[PDB]
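Here, each number is a calculation from the coordinates, and none is a lab measurement. Cβ coordinates were reconstructed from backbone atoms using ideal geometry, including for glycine residues, and neighbour counts include every protein chain displayed.
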Amino acid sequence: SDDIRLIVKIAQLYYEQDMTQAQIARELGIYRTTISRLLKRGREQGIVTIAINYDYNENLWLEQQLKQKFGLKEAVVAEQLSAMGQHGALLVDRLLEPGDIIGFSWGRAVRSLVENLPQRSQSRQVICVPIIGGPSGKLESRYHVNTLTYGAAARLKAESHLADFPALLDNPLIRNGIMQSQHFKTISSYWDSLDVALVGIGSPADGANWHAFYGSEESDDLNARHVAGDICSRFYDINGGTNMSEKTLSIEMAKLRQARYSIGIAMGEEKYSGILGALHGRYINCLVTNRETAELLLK
Amino acid sequence: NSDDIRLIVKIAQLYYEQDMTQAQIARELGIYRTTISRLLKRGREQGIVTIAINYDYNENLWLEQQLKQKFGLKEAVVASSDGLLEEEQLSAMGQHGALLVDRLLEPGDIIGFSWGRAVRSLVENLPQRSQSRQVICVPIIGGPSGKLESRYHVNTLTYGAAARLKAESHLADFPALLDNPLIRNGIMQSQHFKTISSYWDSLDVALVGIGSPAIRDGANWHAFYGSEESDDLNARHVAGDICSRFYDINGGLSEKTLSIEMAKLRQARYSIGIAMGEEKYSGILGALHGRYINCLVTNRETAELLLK
Amino acid sequence: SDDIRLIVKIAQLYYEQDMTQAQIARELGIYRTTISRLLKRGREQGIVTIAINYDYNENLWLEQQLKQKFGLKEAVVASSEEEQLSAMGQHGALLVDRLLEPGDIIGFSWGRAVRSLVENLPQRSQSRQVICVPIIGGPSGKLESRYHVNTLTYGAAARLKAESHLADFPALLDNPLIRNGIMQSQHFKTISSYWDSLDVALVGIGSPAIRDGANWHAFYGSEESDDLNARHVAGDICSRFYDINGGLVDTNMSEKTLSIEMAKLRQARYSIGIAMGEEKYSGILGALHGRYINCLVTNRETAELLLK
Amino acid sequence: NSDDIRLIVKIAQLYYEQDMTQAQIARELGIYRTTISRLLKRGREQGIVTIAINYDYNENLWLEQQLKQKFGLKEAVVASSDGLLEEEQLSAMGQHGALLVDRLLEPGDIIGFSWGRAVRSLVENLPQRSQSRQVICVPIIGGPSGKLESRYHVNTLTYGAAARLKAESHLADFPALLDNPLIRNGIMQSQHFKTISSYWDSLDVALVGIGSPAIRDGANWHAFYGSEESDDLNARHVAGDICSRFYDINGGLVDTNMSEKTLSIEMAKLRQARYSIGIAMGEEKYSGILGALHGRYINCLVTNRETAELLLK
Ligand SMILES: [Cl-]
C-alpha cells in the first residue's frame, strides 16, 4: 500500500508534464485503469492536496502583474474613466506626505483623478504646481492645467502656484526670454524638486489630436521621428527615448524622473504605444488604468 | 437621518411663508399647538430657520440714489454690515453685488473679470443657475505672475463664475506684465492672444475691482510693480487703476502690459467696479470721474466718503 | 418710505418678541389687517428675509453646540442598543482617521467603546508611521479578553499598519510597594515614556451609575466603590477619578495604580472621549469640565442631555 | 470583477470539487470542449486554483516514524525543507503543525501557549473553526517585558489562537521575569495569578517552542537575560529551555539565579499534559531540542527535514 511513492511520480507527470492518463499508462507500462486510482483516493489526506481560492481579485492580480513586468512602484487597475478616477485618487491620497510638492498635467484623465480627491478639513501641508504651460486655447477650460492644479489644491487645502506662460511659444527667442523671468524661474524651481507628479499620456493614435494641437506639418513630422507618445509635451519613441523642444515651457523628463512617484493615468488601445513608451522610459513609475488596457500591456 | 425636524420645518412654512396664525396652524395640524410655539421656537434657535432684518434699508437706498445722482451711474449698490471685521464687509457687498450682477446679464453676454479680493467675493455669491444663459466669461487681464494668491487669480475668478453661470469660459495664458516690451510685442501676435483680445472688443459686462496707491494690502503697488515703478506712479500723481491701466483723480489717463484698454472698457454696456476702502477713495473717485465704471458696488462708509 | 420705519418696527415685534399679529395690531393701534399687509410687503421687498435651511443636519448642529458649550476641538454625534454603539464606532473611527499625523503616538484605554471605535478604523496598505500604546495596565481578569487594552492597542496597530508596544503590568496592584517596584522597571519606564509625549489619546469613560460587567462594584469591590461615592466621584478615566466639577479626586487606590496621570493626558493634542447613555452623564460631564478630554464621540440622545 | 473569472470559479469547483468531468461539465453550462480546457488552464495559470504535490511524502513519513521510535514520541511531524528559505521553513511546519494540532484537541481542553516565531506560525495556520469546541486558551508564561516584538507576544498568540478556535481565552497580566522578588511574590499572591496558574495545573495541550544558547536571532540569551546571566547558563551547562525553565542536554532540570524571579509554568506541570507539543527547527537549536526529548518535556515534535535527520544520527 506504499504505492504512494508512485502517486507522487504519477501526479508528477499529470500536473507538470500533463501527459494524459493514456500517456502516463504507456510510458511506465501501467494499466491506464490503475493510473486513475492513485490520484483520487489520496485526496483524503495529503498525498498531494490542491487549494482553490474563492475570494480572488482579478484587478489586484493584474496590478501585481503590471508591477512585475514593468518594475512599477505601484499600479491600479479599475466613461469608465470615472472608475480610474476614483481609485487613482485613492492611490494619490495614500501616497502623499506632508511637505510634498505635487505637479499636475492636463486633460480628461488627470481631471478625472483630481475630481475624486478627498475633501480635507486641514491643510495637508503639500504644494500644488503645474508642470507645463497653458494650452493657448487648445483645450477646454475645465481641462486647463492651472484649473486642475488649483482644483486639487482646493480639495487638499493646500498651497498652489499657477503658471502664467504658455506651454508652446511661436519662436525660441520668446520662450527663452520667458525662461529668464523671475516667475518662470520660481515655477521651474518647484519642478527641480517635485515629490509626486500626476500625469496624462499623449499619443498619435479626440479634440486633443496632435494634429489639432501642433498642426499636421508638425505632427506628420512626429510620425517621421517614430514618436510613440508624449508627456508634458516631451516626446519619446516606443522604446522610450522635437522641433518644438526649443519652444516649450515644461518640466524636462530628466527632472520628472527624480520624482519619488511619477503617476501616469491613461487607458485605451489607441494609446498603447504611448503607455508602453512611457513605461519603457521610466518617465512614470506608477500606472492608473482600466482592466481592458491592462491586459494589452501584459500580452 | 433626522428627528421630527421635518415637521418643524413644515410648520415653519405655514407661520412664516403663509403668515398663518399659530392657532390656525394648530387646528390644521391637530397638534396641541403649544407644541407649535415650542417648535417654532426651536426651528429658529437651531439654525433650521434664520430670519434677517435689513435695518439699514433706508439709508443704503438713499445713498444709492445720491451716488447715481452725483456721478450719473447707471446702477449702484451700497452694502453695510455691523460686524466691522473686514472679510465681512466684503461678503456684504459680494452678496448684493452678485444679485445686481445676476439681474443685469442678458442672453448672449460677454462677461469680463479682473482679479482680487473684491471681484472674487462677487463671484462667490453668484446665484447658481440651473440652465445656461448662453453667456461667455473671459479675463480682461493677463496673469498675476505669482504676485497674487491662487484663489484671487483672474482665471480662477473667471472659471469660477462660469460655474455658477453655466457659461463657457476662456482662460488667458499670458501674464499681465512682461519685463520687456519685445516679449510683450511678440505675444500680442499670437493667435491665442488675438482670440482673447477678440472678446475684449465686444465685452458686454465687466466685474472690475479698483486699486489705489494707499493700499497697504500685500497687493501693494511697491509690491506688485516694485519700488522704482511705484515712485514714477506717485510722481505722476496717479489716483488709481483698473486692469493695470492708470488714471489721475480727474479721470485722465504700459508698453509692458497685457490687458484690456480703457477705451474698450468704456464701450461696455455695464462696467461694474466693486470696492471699499477710504484708502481707495482716491482711486474710486478717479474711476467715476472717468466713467470707467457705470456701476458701483460698495459699503456704507465708503459711500459716505464719496458724497462729501 | 416712512412706512419703512414701521415695516421694520413691526417685523421687530413679530420676530423679536414673537408677538402675535393680533397683539402687534393692538399695541400700535393699527388695523390687524394692515399689520398683515405690512409683513407681506416687508418680505416682498426684502426688508425682511426668511431662510429655511432645507439640507439641515441635526447631528451636525449638535456637534457645534457641544463644541461651543464645552470648548471642544471636535465632536461627533451619531445615530441609528449596541447597534448604536456601532454608529458611534464608525464616525469616531473617521474622526480618528482624519486626525492622525505621521509620527503620532496614539494611546488606548479599554472597553466596549474603544473597541467599537477601533473595530471600525480603516485597513491601511502602508504604515501610517504612528505608534500605538496602552495608557493603562491590564484588567487582571476583570474584563473579557476582546476588551483588554492590549488587545485593542494591538488591534488598532494592525489596522493602521503601525508600531505597537504592549504593557506587561496590571493596572491595579495589591499594595504600593509592589506598584512602585514595578514603576522602577525598565519596561514600565519605557511604556510611561511614550505616555509623557503621546499625541492622540483614545479613551472610554467610567461612572458609578454603570451596572454592566464593568461595575465599579465588581472591579474594585464595594468596600472601595462605596468609598468612591463618599468622595463625590462622578466618573473615571484610566482609573483616575474626578468629581462632577472636573476636580481630581485622589482615591486611595491612587498609589496602587499603573496608568497615565492626567497632567499627562491633557498635554495631548487630541484626547478623544467616547461614551454615551444617561447613566454616565455625571462622568461625561466631569470629564468635560476637567478638560481631561477635548473631543467627544457620542450619540444624539446623550448629546441633548449635555446641552440641557 | 467577473465575468469570465466569475466562470472559471464555477467550473473549477465542479471539476475539482465535484469530480464531474469536462465533456459533461461543458454539457451542464452549454459551452465548448476546447473552452473548458482553456479556462481550466487559465485558472491554473492565473492562480485562482493552485495544486500542491508532496514530493517528499515518503522520506518525511519515514523520518516521522524514526523520531517516534528513537524518542518514544506520541506523535511527530516533519515539514519539508532545503528547497526553501528561513521564513518559509516556518510556514511549512506551521501548516502541518496546525493540522496536527487541530485533530488532537478534544472538547473541554485547556490549551497553553508560549511565545515566539515558531509558536506563532503554528497559530497563524490553525483551521478557522465554525463552531466552538469548548476549549480554553491560556499563556503558560508571563509577558516578554518588551524583549519581544508584539506579534510574538504570548497573549497575542493565545488570543489569536482562541480566534481560530472560537475558544474563550485568558490573558496574563504579569511579566515572565522580575529582577526583584518582592514584586514577584506580591504578584503570585494575587487573585489573578492564582487564576492563571489554576489553569496550568490542569493543562490539556501545550504549544511550546524551544530556546537554546547557540541562538543568534534577536531572541538571544545574552539579549533576553543579559550578559552575566548568560554565562551562569553556559557555566551550568544548560542546553535549552521551555517557558524559561532550564535543562541540560540530558533532560535534567538546571536551576538558575532566575528560578526565583520567573513567573511561568513549572516543568512538573507541563509533563502532566496530555500532549505537549514542541515546535522547532535549526541546527543551532539541536542542543535544546534534544534535551527537551531526553526529558519528555514534549510528547510531540514539529520540525523540518534538516533537523529531523540531525536528531537521528
Ligand atoms: Cl481589529
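Overview of results
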| quantity | calculated |
| --- | --- |
| Helix-only [θ]222 nm of chain B, DSSP H runs n ≥ 4, -39500 (n - 2.57) each, per residue, nearest 500 | -12500 deg cm²/dmol |
| Share, in percent, of DSSP beta bridges within chain C that are antiparallel, nearest 5 | 25 |
| Shielding by partners, peptide C:38-51 (average Cβ within 10 angstrom, other chains) | 3 |
| 14 Å beta-carbon shell around B:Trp62, net charge (K/R +1, D/E -1) | 0 |
| 15 Å beta-carbon shell around A:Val8, net charge (K/R +1, D/E -1) | +1 |
| Sorted by Cβ density within 10 Å, fewest first, the residues B:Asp4, D:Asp173, C:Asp243 | B:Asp4, C:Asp243, D:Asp173 |
| For B:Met276, A:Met253, B:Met20, order by how many other beta-carbon atoms lie within 10 Å, fewest first | B:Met20, A:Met253, B:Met276 |
| GNM flexibility winner over chain D from D:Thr34, D:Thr303, D:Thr195 (Cα, springs under 10 Å) | D:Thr34 |
| q = 0.08, 0.10, 0.12, 0.15 Å⁻¹, chain D: log10 I(q)/I(0) [Debye, one scatterer per Cα] | -0.43, -0.62, -0.82, -1.15 |
| Local electrostatic count, A:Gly207, Cβ distance below 11 Å [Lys/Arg +1, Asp/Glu -1] | 0 |
| Proximal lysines relative to D:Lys74, as straight alpha-carbon distance under 20 Å, when same-chain residues fewer than 8 apart are discounted | D:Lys269 |
| Exposure proxy order (Cβ contacts within 10 Å, fewest to most) of C:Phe188, A:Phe213 | A:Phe213, C:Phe188 |
| Global size of the stretch C:150-200 as Cα Rg and Dmax, reported in angstrom | 12.8, 38 |
| Percent of Cα pairs exceeding the 58 Å cut-off, where the set is the protein assembly as shown | 37 |
| Residue pairs, from the table C:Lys69/C:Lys189; A:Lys73/D:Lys166; A:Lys69/D:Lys41; C:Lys67/C:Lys264; A:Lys185/B:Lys256, whose Cα atoms sit over 30 Å apart | C:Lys69/C:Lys189; A:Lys73/D:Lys166 |
| Kirkwood hydrodynamic radius over Cα pairs of the stretch C:1-51, then Stokes diffusion coefficient at 10 °C and 1.306 mPa s, in µm²/s | 148 |
